[PDB]
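Heads up: the structure comes next, in structure tokens.
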Amino acid sequence: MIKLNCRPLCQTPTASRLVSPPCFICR
Amino acid sequence: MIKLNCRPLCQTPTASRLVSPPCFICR
Amino acid sequence: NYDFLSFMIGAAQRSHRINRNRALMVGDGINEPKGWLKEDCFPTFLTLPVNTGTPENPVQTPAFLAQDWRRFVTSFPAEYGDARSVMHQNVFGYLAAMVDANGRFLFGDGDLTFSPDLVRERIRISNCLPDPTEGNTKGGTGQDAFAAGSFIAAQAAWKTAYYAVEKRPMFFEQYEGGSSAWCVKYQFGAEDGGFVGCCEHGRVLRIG
Amino acid sequence: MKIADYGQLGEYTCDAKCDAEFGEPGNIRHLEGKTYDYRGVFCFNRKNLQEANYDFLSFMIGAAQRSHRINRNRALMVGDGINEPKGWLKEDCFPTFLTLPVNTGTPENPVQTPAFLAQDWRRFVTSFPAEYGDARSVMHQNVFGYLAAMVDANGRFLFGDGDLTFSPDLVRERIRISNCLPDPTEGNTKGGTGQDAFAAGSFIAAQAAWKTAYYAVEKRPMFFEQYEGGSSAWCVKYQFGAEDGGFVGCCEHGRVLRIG
Amino acid sequence: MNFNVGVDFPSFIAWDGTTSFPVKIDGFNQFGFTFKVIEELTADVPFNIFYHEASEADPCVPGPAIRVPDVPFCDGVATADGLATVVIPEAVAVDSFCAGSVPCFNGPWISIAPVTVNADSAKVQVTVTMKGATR
Amino acid sequence: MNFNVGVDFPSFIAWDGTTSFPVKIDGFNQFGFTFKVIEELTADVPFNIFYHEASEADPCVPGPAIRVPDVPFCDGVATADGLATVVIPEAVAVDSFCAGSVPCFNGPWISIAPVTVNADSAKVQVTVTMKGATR
Amino acid sequence: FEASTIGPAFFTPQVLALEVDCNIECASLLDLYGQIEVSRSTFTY
């Protein structure tokens, strides 16, 4: 059981969105 | 008449809603 | 190895204090002084409901808005002199969390929390009083709606609306006739009371 | 020790009675706790350790202490009493509060969406019983950012207005920030409407009087030594450990807020 | 750490729900009961306390059962017939227990049994605990 | 005088001769067993020690039985299968008792049942005692 | 003498100098009311 060492070739970490609080809807 | 001393083994959680004043309720 | 006599004395005094404070407020007149909440002599102010439905199909729901508090507080006759309000902490917490139409807070605005100087505001909080919010679970809409007739707050000139009469402070003594050579017995008691003064110098606010 | 109750001794009695009634006395209890043990081990080969041009021994001696600190801090929070200190997020003894949903549909075909609004924070913070004394909140910084980046119906900022960024005095505000706690925004990707809305039941923040709600006991600091019984002429072994513990106190001095 | 608490504080079955076993207390200077339920009760259940004297033929075998007397405290009520008794309220939950004891020792054996054996008494369990061996 | 030992050292039945009852050890710091015979034995009787964990259907009810693993000491021999067991010899007299305990806790509940329910197994009784409360 | 095979009597635990007390009592309004002193069980005004 040889333990492999892994790492990616690409350098594109997925562009994560940012979501902000909606406008003032109320209950 | 011997008097007994009692107390329970297992606890229980307790959850409640939190109600805040509604939108600008108007007359 | 743990002293029980001092513990029992402390328990007695604590129970006396709690009982006296409870009786002066909600006690009945049979064996305890009658409290103003139980007497219910102060004149009452109600609160209008608010229509949450469409104009042609109204849905009358009880409510309590910010301007009601100002209306109640500013209408105390000036002739009676100094006055203060008393109410549960949850009422103040429910009042301080109100917002206007756009979403901005009323009272302390532009800040995370509101904490006015109650000494200058003439408000003294006491958790002994009834809590109309039911542990911060009521006060919304629909199933969360208030219950009609709930106590909210009261205002009066206490120094002439209620009196406290004290006759003898508590005493502890040993009952010689009951304490044998292998036992001991102690006795304690005190006398006190109070009565309602002028019932016109107070006001009560309630839900309608 | 612990004073479970004080009892109700006296009563209001008629003046015609010559005797008096015996009251129910109070109750007291004895409680005790333990201290737990943290242990580990690692191995090296003598030839490689000698010929390598990097100090793996000190690297591991540092990593062990770092892991000890991390694990202790996490165990006091979510541990279970079997072999770890039992945590206050696991015991589930603090009362829980749920945040109501917000309707985003029409009056006749509504759509209920879980939400967290600004006024909920004030409601939660100002509801702490006054008799218990001062208390402090704990949060993940993303929650604070999500709260500070709110706007009203007209597009203007709440809180700091007229400024590019808002940065209040946290110590005065009585808020402490530490990324150890669960994060409800899931790395700033959730918190909007539709598919981006929160998930019901998510942890947000907690408040309590810590100096009397949770206790931490210190017994020993970490130690290292070589294990002569496993060490050989060609490969080596080391051993280390430390002892510590913790237990909950007054369950009434705590409050937890969650998405309903 | 863990201890062999059975060395210093042994415990013995006293009432199984169908049979009563005498419990020897000669070698110990303290003792007390512990009541537990297995399933929800439907009515109150009282219990009697008995002791025994060493049998004539064999000093290591208990004699016939005797009723324990009462002992009023420094001030308080006394039993109607002056004999000690115990009653378990019907409001006891399954996940709990009760602890009681007697102020006096009397004989070197002790026993406990219900007033009337029935389904209600079949749902209760009683165990005795000692302390401080003296031999 | 006499004390109410049940307040500090509660005792619970574990094996009454026909049925096994899970016991909650979660709330106490230490615990131990206690063995007593009610009639002269004729052959060896071994026992098995299990443990349970909270069931997902209800946290207040124990789950299925799991078997405790062994924990060898320095100068000692590990069990053949690495699972704890207790054996009561035939030499035990009816007028004595034995006390044993386990070094590890594992789950919050514990139990003990015989390897086989034979005639001799009905002659033994097992009780559990706890020594310090933590809740 | 493994601790798992001997009685508790040999291990005396530490005694902490603390005492948990969860009891509270709400604030009193007594200071607001008017104070009167008497010396008999009955009075008139």
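Going by the structure tokens order, chains are called A, B, ..., each with residues numbered from 1, while ligands are numbered from 1 in the order shown.
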With chain E fixed, least-squares superpose chain F over all its C-alpha atoms paired in order and give the RMSD in Å.
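So the superposition leaves a C-alpha RMSD of 0.4 Å.
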Worksheet item: Which polymer residues have any atom within 8 Å of an atom of residue 35 (chain F), counting only C-alpha atoms, with same-chain residues fewer than 3 positions away left out, as a ChimeraX atom specification?
Response: /F:97-99,124-127
Create the file for the chosen residues now, containing N, CA and C atoms and written as a PDB file, in the first residue's frame.
```
ATOM      1  N   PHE F  97     -19.746 -12.722  49.090  1.00  0.00           N
ATOM      2  CA  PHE F  97     -20.006 -11.928  47.899  1.00  0.00           C
ATOM      3  C   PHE F  97     -18.686 -11.569  47.234  1.00  0.00           C
ATOM      4  N   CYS F  98     -18.772 -11.207  45.955  1.00  0.00           N
ATOM      5  CA  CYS F  98     -17.611 -10.849  45.153  1.00  0.00           C
ATOM      6  C   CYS F  98     -17.858  -9.510  44.476  1.00  0.00           C
ATOM      7  N   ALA F  99     -16.784  -8.744  44.295  1.00  0.00           N
ATOM      8  CA  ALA F  99     -16.862  -7.407  43.719  1.00  0.00           C
ATOM      9  C   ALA F  99     -15.872  -7.282  42.571  1.00  0.00           C
ATOM     10  N   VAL F 124     -27.502 -16.963  40.675  1.00  0.00           N
ATOM     11  CA  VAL F 124     -26.592 -15.837  40.851  1.00  0.00           C
ATOM     12  C   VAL F 124     -27.377 -14.543  40.707  1.00  0.00           C
ATOM     13  N   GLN F 125     -26.872 -13.481  41.328  1.00  0.00           N
ATOM     14  CA  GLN F 125     -27.477 -12.159  41.267  1.00  0.00           C
ATOM     15  C   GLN F 125     -26.377 -11.121  41.115  1.00  0.00           C
ATOM     16  N   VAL F 126     -26.610 -10.131  40.256  1.00  0.00           N
ATOM     17  CA  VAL F 126     -25.618  -9.108  39.947  1.00  0.00           C
ATOM     18  C   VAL F 126     -26.257  -7.742  40.130  1.00  0.00           C
ATOM     19  N   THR F 127     -25.535  -6.835  40.781  1.00  0.00           N
ATOM     20  CA  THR F 127     -26.021  -5.492  41.056  1.00  0.00           C
ATOM     21  C   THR F 127     -24.923  -4.487  40.744  1.00  0.00           C
TER      22      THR F 127
END
```
Once you count only C-alpha atoms, what closest atom pair and distance in Å to one decimal does each residue of chain B within 12 Å of chain C have, with rows by chain and rising residue number, as a Markdown table?
```
| residue | atom | partner | partner_atom | distance |
| --- | --- | --- | --- | --- |
| B:15 | CA | C:137 | CA | 10.9 |
| B:16 | CA | C:137 | CA | 7.2 |
| B:17 | CA | C:137 | CA | 5.8 |
| B:18 | CA | C:137 | CA | 5.6 |
| B:19 | CA | C:137 | CA | 5.4 |
| B:20 | CA | C:140 | CA | 6.4 |
| B:21 | CA | C:98 | CA | 5.8 |
| B:22 | CA | C:140 | CA | 5.8 |
| B:23 | CA | C:101 | CA | 6.9 |
| B:24 | CA | C:101 | CA | 5.3 |
| B:25 | CA | C:50 | CA | 7.1 |
| B:26 | CA | C:50 | CA | 6.5 |
| B:27 | CA | C:50 | CA | 5.2 |
```
After fit on chain B (all C-alpha, ordered pairs), chain A as a PDB file with N, CA, C and O atoms, in the first residue's frame:
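superposed02.pdb, written as the output of this step:
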```pdb
ATOM      1  N   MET A   1     -44.656   8.981  56.049  1.00  0.00           N
ATOM      2  CA  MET A   1     -44.562   9.871  54.899  1.00  0.00           C
ATOM      3  C   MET A   1     -43.108  10.199  54.582  1.00  0.00           C
ATOM      4  O   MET A   1     -42.583  11.223  55.021  1.00  0.00           O
ATOM      5  N   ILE A   2     -42.461   9.323  53.816  1.00  0.00           N
ATOM      6  CA  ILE A   2     -41.075   9.547  53.424  1.00  0.00           C
ATOM      7  C   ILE A   2     -41.034  10.557  52.287  1.00  0.00           C
ATOM      8  O   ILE A   2     -41.735  10.408  51.278  1.00  0.00           O
ATOM      9  N   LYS A   3     -40.212  11.591  52.444  1.00  0.00           N
ATOM     10  CA  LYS A   3     -40.128  12.656  51.450  1.00  0.00           C
ATOM     11  C   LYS A   3     -39.080  12.277  50.411  1.00  0.00           C
ATOM     12  O   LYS A   3     -37.882  12.243  50.706  1.00  0.00           O
ATOM     13  N   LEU A   4     -39.535  11.997  49.194  1.00  0.00           N
ATOM     14  CA  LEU A   4     -38.650  11.522  48.143  1.00  0.00           C
ATOM     15  C   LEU A   4     -37.819  12.665  47.573  1.00  0.00           C
ATOM     16  O   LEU A   4     -38.190  13.838  47.655  1.00  0.00           O
ATOM     17  N   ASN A   5     -36.680  12.305  46.988  1.00  0.00           N
ATOM     18  CA  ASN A   5     -35.816  13.241  46.284  1.00  0.00           C
ATOM     19  C   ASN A   5     -35.816  12.868  44.808  1.00  0.00           C
ATOM     20  O   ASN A   5     -35.509  11.725  44.455  1.00  0.00           O
ATOM     21  N   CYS A   6     -36.159  13.830  43.952  1.00  0.00           N
ATOM     22  CA  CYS A   6     -36.435  13.561  42.547  1.00  0.00           C
ATOM     23  C   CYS A   6     -35.546  14.414  41.655  1.00  0.00           C
ATOM     24  O   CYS A   6     -35.281  15.579  41.963  1.00  0.00           O
ATOM     25  N   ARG A   7     -35.091  13.830  40.552  1.00  0.00           N
ATOM     26  CA  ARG A   7     -34.405  14.575  39.508  1.00  0.00           C
ATOM     27  C   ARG A   7     -34.384  13.726  38.248  1.00  0.00           C
ATOM     28  O   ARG A   7     -34.354  12.493  38.327  1.00  0.00           O
ATOM     29  N   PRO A   8     -34.407  14.350  37.072  1.00  0.00           N
ATOM     30  CA  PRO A   8     -34.554  13.583  35.832  1.00  0.00           C
ATOM     31  C   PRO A   8     -33.234  13.003  35.344  1.00  0.00           C
ATOM     32  O   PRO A   8     -32.146  13.439  35.722  1.00  0.00           O
ATOM     33  N   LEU A   9     -33.357  11.999  34.474  1.00  0.00           N
ATOM     34  CA  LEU A   9     -32.186  11.385  33.857  1.00  0.00           C
ATOM     35  C   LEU A   9     -31.742  12.126  32.602  1.00  0.00           C
ATOM     36  O   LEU A   9     -30.540  12.220  32.338  1.00  0.00           O
ATOM     37  N   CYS A  10     -32.684  12.649  31.828  1.00  0.00           N
ATOM     38  CA  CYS A  10     -32.383  13.272  30.551  1.00  0.00           C
ATOM     39  C   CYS A  10     -31.811  14.672  30.743  1.00  0.00           C
ATOM     40  O   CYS A  10     -31.911  15.272  31.815  1.00  0.00           O
ATOM     41  N   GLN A  11     -31.204  15.188  29.675  1.00  0.00           N
ATOM     42  CA  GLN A  11     -30.613  16.520  29.684  1.00  0.00           C
ATOM     43  C   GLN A  11     -31.091  17.324  28.483  1.00  0.00           C
ATOM     44  O   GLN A  11     -30.311  18.052  27.861  1.00  0.00           O
ATOM     45  N   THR A  12     -32.371  17.201  28.154  1.00  0.00           N
ATOM     46  CA  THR A  12     -32.941  17.912  27.019  1.00  0.00           C
ATOM     47  C   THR A  12     -33.986  18.910  27.498  1.00  0.00           C
ATOM     48  O   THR A  12     -35.190  18.648  27.387  1.00  0.00           O
ATOM     49  N   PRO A  13     -33.575  20.057  28.039  1.00  0.00           N
ATOM     50  CA  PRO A  13     -34.557  21.100  28.355  1.00  0.00           C
ATOM     51  C   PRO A  13     -35.242  21.575  27.088  1.00  0.00           C
ATOM     52  O   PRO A  13     -34.568  21.918  26.112  1.00  0.00           O
ATOM     53  N   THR A  14     -36.573  21.592  27.087  1.00  0.00           N
ATOM     54  CA  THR A  14     -37.316  21.823  25.856  1.00  0.00           C
ATOM     55  C   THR A  14     -36.853  23.110  25.187  1.00  0.00           C
ATOM     56  O   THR A  14     -36.724  24.154  25.833  1.00  0.00           O
ATOM     57  N   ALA A  15     -36.597  23.028  23.883  1.00  0.00           N
ATOM     58  CA  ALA A  15     -36.092  24.170  23.131  1.00  0.00           C
ATOM     59  C   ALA A  15     -37.202  25.201  22.984  1.00  0.00           C
ATOM     60  O   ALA A  15     -38.107  25.039  22.160  1.00  0.00           O
ATOM     61  N   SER A  16     -37.133  26.263  23.780  1.00  0.00           N
ATOM     62  CA  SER A  16     -38.161  27.291  23.739  1.00  0.00           C
ATOM     63  C   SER A  16     -37.929  28.230  22.564  1.00  0.00           C
ATOM     64  O   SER A  16     -36.813  28.702  22.335  1.00  0.00           O
ATOM     65  N   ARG A  17     -38.995  28.502  21.820  1.00  0.00           N
ATOM     66  CA  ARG A  17     -38.912  29.437  20.712  1.00  0.00           C
ATOM     67  C   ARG A  17     -38.704  30.854  21.233  1.00  0.00           C
ATOM     68  O   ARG A  17     -38.947  31.156  22.404  1.00  0.00           O
ATOM     69  N   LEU A  18     -38.232  31.727  20.351  1.00  0.00           N
ATOM     70  CA  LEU A  18     -38.245  33.160  20.595  1.00  0.00           C
ATOM     71  C   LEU A  18     -39.084  33.825  19.516  1.00  0.00           C
ATOM     72  O   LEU A  18     -38.925  33.539  18.326  1.00  0.00           O
ATOM     73  N   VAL A  19     -39.998  34.690  19.942  1.00  0.00           N
ATOM     74  CA  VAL A  19     -40.892  35.398  19.039  1.00  0.00           C
ATOM     75  C   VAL A  19     -40.588  36.882  19.139  1.00  0.00           C
ATOM     76  O   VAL A  19     -40.565  37.452  20.235  1.00  0.00           O
ATOM     77  N   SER A  20     -40.349  37.505  17.989  1.00  0.00           N
ATOM     78  CA  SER A  20     -39.934  38.891  17.914  1.00  0.00           C
ATOM     79  C   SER A  20     -41.104  39.762  17.479  1.00  0.00           C
ATOM     80  O   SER A  20     -42.082  39.256  16.920  1.00  0.00           O
ATOM     81  N   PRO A  21     -41.042  41.067  17.722  1.00  0.00           N
ATOM     82  CA  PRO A  21     -42.146  41.945  17.331  1.00  0.00           C
ATOM     83  C   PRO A  21     -42.410  41.843  15.841  1.00  0.00           C
ATOM     84  O   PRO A  21     -41.463  41.785  15.042  1.00  0.00           O
ATOM     85  N   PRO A  22     -43.674  41.822  15.416  1.00  0.00           N
ATOM     86  CA  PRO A  22     -43.954  41.754  13.979  1.00  0.00           C
ATOM     87  C   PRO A  22     -43.470  43.002  13.258  1.00  0.00           C
ATOM     88  O   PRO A  22     -43.095  44.004  13.870  1.00  0.00           O
ATOM     89  N   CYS A  23     -43.478  42.927  11.929  1.00  0.00           N
ATOM     90  CA  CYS A  23     -43.190  44.101  11.126  1.00  0.00           C
ATOM     91  C   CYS A  23     -44.197  45.202  11.451  1.00  0.00           C
ATOM     92  O   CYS A  23     -45.201  44.985  12.134  1.00  0.00           O
ATOM     93  N   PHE A  24     -43.925  46.404  10.949  1.00  0.00           N
ATOM     94  CA  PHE A  24     -44.734  47.550  11.341  1.00  0.00           C
ATOM     95  C   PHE A  24     -46.108  47.544  10.688  1.00  0.00           C
ATOM     96  O   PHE A  24     -46.341  48.257   9.708  1.00  0.00           O
ATOM     97  N   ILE A  25     -47.020  46.734  11.221  1.00  0.00           N
ATOM     98  CA  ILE A  25     -48.435  46.999  11.017  1.00  0.00           C
ATOM     99  C   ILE A  25     -48.835  48.136  11.949  1.00  0.00           C
ATOM    100  O   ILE A  25     -48.210  48.360  12.993  1.00  0.00           O
ATOM    101  N   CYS A  26     -49.875  48.873  11.571  1.00  0.00           N
ATOM    102  CA  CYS A  26     -50.286  50.038  12.340  1.00  0.00           C
ATOM    103  C   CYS A  26     -51.791  50.006  12.555  1.00  0.00           C
ATOM    104  O   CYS A  26     -52.510  49.190  11.976  1.00  0.00           O
ATOM    105  N   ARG A  27     -52.254  50.914  13.408  1.00  0.00           N
ATOM    106  CA  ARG A  27     -53.660  50.980  13.779  1.00  0.00           C
ATOM    107  C   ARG A  27     -54.445  51.832  12.788  1.00  0.00           C
ATOM    108  O   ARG A  27     -55.265  51.319  12.027  1.00  0.00           O
TER     109      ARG A  27
END
```
Considering only C-alpha atoms, state which residue in the set D:81, D:187, D:114, D:107 is at the smallest distance from chain F.
->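 The closest residue to chain F is D:81.
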Inset, instruction - Grab the CA of residue 255 (chain D) to CA of residue 157 (chain D) distance for me, in Å with one decimal place. - result: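 CA of residue 157 (chain D) lies at a distance of 28.8 Å from CA of residue 255 (chain D).
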Exercise for the section: Counting only C-alpha atoms, figure out which residue out of D:26, D:246, D:221, D:182 gets nearest to chain F. Expected result: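 Closest candidate: D:246.
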Compute the chain E side of the contact with chain G at 6 Å, counting only C-alpha atoms, and hand it back as an NGL selection string.
-> :E and (2-5 or 7-8)
Notebook entry, point to check: Any idea which chain E residues end up within 10 Å of chain C if we count only C-alpha atoms, as a PyMOL selection string please?
Noted result: chain E and resi 73-75
Can I get the residues of chain E within 12 Å of chain B, each with the closest pair of atoms and their distance in Å to one decimal, using only C-alpha atoms, sorted chain first then ascending number, as CSV?
```
residue,atom,partner,partner_atom,distance
E:32,CA,B:4,CA,11.1
E:33,CA,B:4,CA,9.8
E:34,CA,B:4,CA,9.4
E:35,CA,B:4,CA,9.3
E:36,CA,B:6,CA,10.2
E:46,CA,B:1,CA,10.3
E:47,CA,B:1,CA,10.4
E:48,CA,B:1,CA,10.4
E:49,CA,B:2,CA,10.7
E:68,CA,B:1,CA,11.7
E:69,CA,B:1,CA,10.8
E:70,CA,B:1,CA,8.2
E:71,CA,B:1,CA,9.5
E:72,CA,B:1,CA,9.3
E:73,CA,B:1,CA,10.9
E:76,CA,B:1,CA,10.8
E:77,CA,B:1,CA,8.8
E:78,CA,B:1,CA,7.7
E:79,CA,B:1,CA,6.4
E:80,CA,B:1,CA,9.6
E:81,CA,B:1,CA,10.8
E:82,CA,B:1,CA,9.4
E:83,CA,B:1,CA,8.4
E:84,CA,B:1,CA,5.8
E:85,CA,B:1,CA,5.2
E:86,CA,B:2,CA,5.7
E:87,CA,B:1,CA,7.9
E:88,CA,B:4,CA,8.4
E:89,CA,B:4,CA,10.0
E:91,CA,B:6,CA,11.5
E:92,CA,B:6,CA,8.9
E:93,CA,B:8,CA,8.0
E:94,CA,B:8,CA,8.9
E:95,CA,B:9,CA,5.6
E:96,CA,B:8,CA,4.3
E:97,CA,B:6,CA,5.9
E:98,CA,B:6,CA,4.6
E:99,CA,B:5,CA,5.3
E:100,CA,B:4,CA,5.2
E:101,CA,B:2,CA,7.1
E:102,CA,B:2,CA,7.3
E:103,CA,B:2,CA,9.4
```
Problem set entry | Non-local contacts of residue 95 (chain D) (12 Å; only C-alpha atoms; under 2 positions in same chain excluded) as a ChimeraX atom specification | /B:12-18 /D:88-89,91-93,97-98,128,206-208,250-258
Expected file: the selected residues, C-alpha atoms, as a PDB file, in the first residue's frame:
```pdb
ATOM      1  CA  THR B  12     -34.459  17.255  28.008  1.00  0.00           C
ATOM      2  CA  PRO B  13     -33.843  20.253  25.722  1.00  0.00           C
ATOM      3  CA  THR B  14     -36.148  23.240  25.348  1.00  0.00           C
ATOM      4  CA  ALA B  15     -36.563  25.405  22.243  1.00  0.00           C
ATOM      5  CA  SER B  16     -38.769  28.462  21.779  1.00  0.00           C
ATOM      6  CA  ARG B  17     -39.553  30.870  18.973  1.00  0.00           C
ATOM      7  CA  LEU B  18     -38.379  34.490  19.085  1.00  0.00           C
TER       8      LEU B  18
ATOM      9  CA  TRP D  88     -21.884  23.040  25.958  1.00  0.00           C
ATOM     10  CA  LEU D  89     -22.901  22.728  22.301  1.00  0.00           C
ATOM     11  CA  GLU D  91     -24.923  18.803  26.181  1.00  0.00           C
ATOM     12  CA  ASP D  92     -27.721  20.940  24.688  1.00  0.00           C
ATOM     13  CA  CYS D  93     -28.552  22.388  28.112  1.00  0.00           C
ATOM     14  CA  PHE D  97     -34.203  30.293  20.249  1.00  0.00           C
ATOM     15  CA  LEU D  98     -35.400  30.037  16.644  1.00  0.00           C
ATOM     16  CA  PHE D 128     -30.729  38.422  28.697  1.00  0.00           C
ATOM     17  CA  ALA D 206     -24.418  32.285  21.629  1.00  0.00           C
ATOM     18  CA  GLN D 207     -24.421  34.454  24.743  1.00  0.00           C
ATOM     19  CA  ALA D 208     -23.818  33.713  28.416  1.00  0.00           C
ATOM     20  CA  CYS D 250     -25.178  26.922  35.750  1.00  0.00           C
ATOM     21  CA  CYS D 251     -27.240  25.893  32.729  1.00  0.00           C
ATOM     22  CA  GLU D 252     -29.534  28.910  33.151  1.00  0.00           C
ATOM     23  CA  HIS D 253     -26.750  31.409  32.378  1.00  0.00           C
ATOM     24  CA  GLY D 254     -26.629  30.569  28.662  1.00  0.00           C
ATOM     25  CA  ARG D 255     -28.483  31.332  25.458  1.00  0.00           C
ATOM     26  CA  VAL D 256     -28.180  29.952  21.925  1.00  0.00           C
ATOM     27  CA  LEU D 257     -29.679  31.425  18.749  1.00  0.00           C
ATOM     28  CA  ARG D 258     -30.527  29.353  15.679  1.00  0.00           C
TER      29      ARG D 258
END
```
